[PDB]
Amino acid sequence: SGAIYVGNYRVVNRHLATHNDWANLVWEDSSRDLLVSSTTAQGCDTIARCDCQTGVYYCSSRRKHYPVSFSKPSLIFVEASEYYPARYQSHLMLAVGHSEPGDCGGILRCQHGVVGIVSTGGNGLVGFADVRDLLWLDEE
Ligand SMILES: Cn1nc(C(=O)NCC(F)(F)c2ccccn2)c2ccccc21
Ligand SMILES: [Zn+2]
């Protein structure tokens, strides 16, 4: 589990969105596994605006932050899970690292701020949903 809290937005994995998220919806994209809901309180996370390919992610199944090298956001065939069929997930970045399904929502960050959230993994890979192109997270 886990979210990004930027301004009056909450950024979660679409597959982990709550009823309250859906009832307060700003934007959702199944192909990206992203959903954004509105919040009453202002958040403290800042979004990175950059093409960093190194950073650090949180792994809940190890209670550890790991430094990683990751690919640029791409279209990647990801295997079926209990939440999606085997499909092309867009704006996805891959790294070598430990993940389990419940690690979804852990933050990936670089020197500039938050880069994305855990979305996929297995066999010593972890996939992150990028948010650096969502410039509207920084306004209104
Ligand atoms: C970090 N992590 N996430 C998953 C996972 O099932 N992801 C859920 C999901 F986003 F809906 C998904 C994404 C893409 C395709 C199908 N389902 C996983 C599985 C094994 C080991 C690590 C893992
Ligand atoms: Zn950066």
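This chain uses plain numbering: 1 for the first residue, then up along the sequence. As the structure lists them, so they are numbered: ligands from 1, and atoms in each ligand from 1.
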Which atom pairs, one a donor and one an acceptor, fall under 3.5 Å between side chains of residues 109-126 and the rest of the protein, sequence neighbours left out?
unit_1: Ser119; atom_1: OG; unit_2: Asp33; atom_2: OD2; d: 2.7
unit_1: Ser119; atom_1: OG; unit_2: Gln89; atom_2: NE2; d: 3.1
unit_1: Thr120; atom_1: OG1; unit_2: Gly127; atom_2: N; d: 3.4

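None of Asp133, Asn13, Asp130 except one satisfies the side chain to side chain donor-acceptor pair (under 3.5 Å) rule with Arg32; the exception is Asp133.
A salt bridge does not link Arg62 with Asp103: every distance from a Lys NZ or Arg NE/NH1/NH2 to an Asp or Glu carboxylate oxygen is 4.0 Å or more.
Protein residues having a heavy atom under 4.0 Å from any atom of ligand 1 are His15, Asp33, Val78, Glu79, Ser81, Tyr83, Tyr84, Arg87, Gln89, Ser99, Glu100, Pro101, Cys104, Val118, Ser119, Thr120, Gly121, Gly122, listed by chain and number.
For the pair ND1 of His112 and SG of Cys52, the angle at the Zn ion (ligand 2) is about 100°; rounding is to 10 degrees.
Taking the six-membered ring where the residue is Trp, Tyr84 and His15 present perpendicular rings, their angle passing 60° and hence far from 30°.
Legend: ring pair (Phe, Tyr, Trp, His ring centres under 6.0 Å) pairs involving residues 17-38, not counting sequence neighbours, sorted by first then second residue: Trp27-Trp136. Sorted by first then second residue, the ring pair (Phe, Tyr, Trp, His ring centres under 6.0 Å) pairs that include residues 85-108, not counting sequence neighbours, are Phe77-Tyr88.
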